[PDB]
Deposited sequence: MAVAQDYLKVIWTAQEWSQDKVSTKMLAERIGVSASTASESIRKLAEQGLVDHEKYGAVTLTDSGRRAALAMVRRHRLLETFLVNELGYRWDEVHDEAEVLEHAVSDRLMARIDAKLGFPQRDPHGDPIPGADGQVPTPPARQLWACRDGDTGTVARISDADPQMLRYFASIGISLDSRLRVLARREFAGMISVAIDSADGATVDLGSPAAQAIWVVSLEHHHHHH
């Protein structure tokens, strides 16, 4: 699916500045690298990408921003109107993104009150194409003593979203790092809650929580 590639390339560049090899595309889009190379070759001919490493052109940016907007407004609509949880929305909107007309997103956007962020805090690009990215970094990238408000949680693993909800790490929850033990991949944080509990996040969980220091 050609549209999946532009959205994936853009989401990879959203919180990192590395490279998106054709092998990175294949394993996350979900198809063999044999066809991903044959795929990514096509979009470069259409003037959408360029590639070694792959990048977005200007026609690919406005096209990927469109795909991201539909995906993320659909996730939001499934939670706020249809009763999904935040771990059930990504697989649904991953399929619904290629069958929706601009008219439907307009009424979805209008009924949702024009939301700017996901159930995961993922920024929803505007129709004009601005993108409201919050100024955040991963919890694992922080150091001892730092505080912050959870602003965005990755949805690559629905189990991890389930784990976060069970202990009390939601969007807008305030954390402080107590003991970051780089060896061996453990970080202790204090959730600012009513009874004020304390949890021990492993290295992968902390690399999924983006936080805003304020």
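Student: Going by C-alpha coordinates, which parts of the deposited sequence are missing from this model?
Tutor: Coordinates drop out over 1-2, 54-56, 220-226.
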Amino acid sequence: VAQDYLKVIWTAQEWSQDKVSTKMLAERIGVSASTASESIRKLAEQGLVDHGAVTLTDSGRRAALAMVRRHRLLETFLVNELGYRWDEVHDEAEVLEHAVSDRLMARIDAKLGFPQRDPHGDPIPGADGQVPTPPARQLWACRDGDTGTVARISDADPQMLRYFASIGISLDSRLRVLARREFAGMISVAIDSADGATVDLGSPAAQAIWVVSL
From here on, numbers count along this sequence of modelled residues.
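Student: Please work out which of 2-10 and 203-211 has the higher mean CA B-factor as recorded in the PDB entry.
Tutor: Between 203-211 and 2-10, it is 2-10 that shows the higher mean C-alpha B-factor.
Student: Please compare 105-113 with 130-138 and say which has the higher mean C-alpha temperature factor in the record.
Tutor: Stretch with the higher mean C-alpha B-factor: 130-138.
Student: Among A64, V54, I167, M160, single out the one with the highest C-alpha B factor in the record, please.
Tutor: Across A64, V54, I167, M160, the entry lists the biggest C-alpha B-factor for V54.
Student: Would you mind finding, among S173, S188, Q46, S154, the residue with the largest C-alpha temperature factor in the entry?
Tutor: Answer for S173, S188, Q46, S154: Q46, with the highest C-alpha B-factor.
Student: For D144, does the deposited CA B-factor place it in the lowest, middle or highest third of the chain?
Tutor: Ranked within chain, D144 CA B lands in the highest tercile.
Student: Is the Cα B-factor recorded for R180 in the lowest, middle or highest third of its chain?
Tutor: Middle third by C-alpha B-factor.
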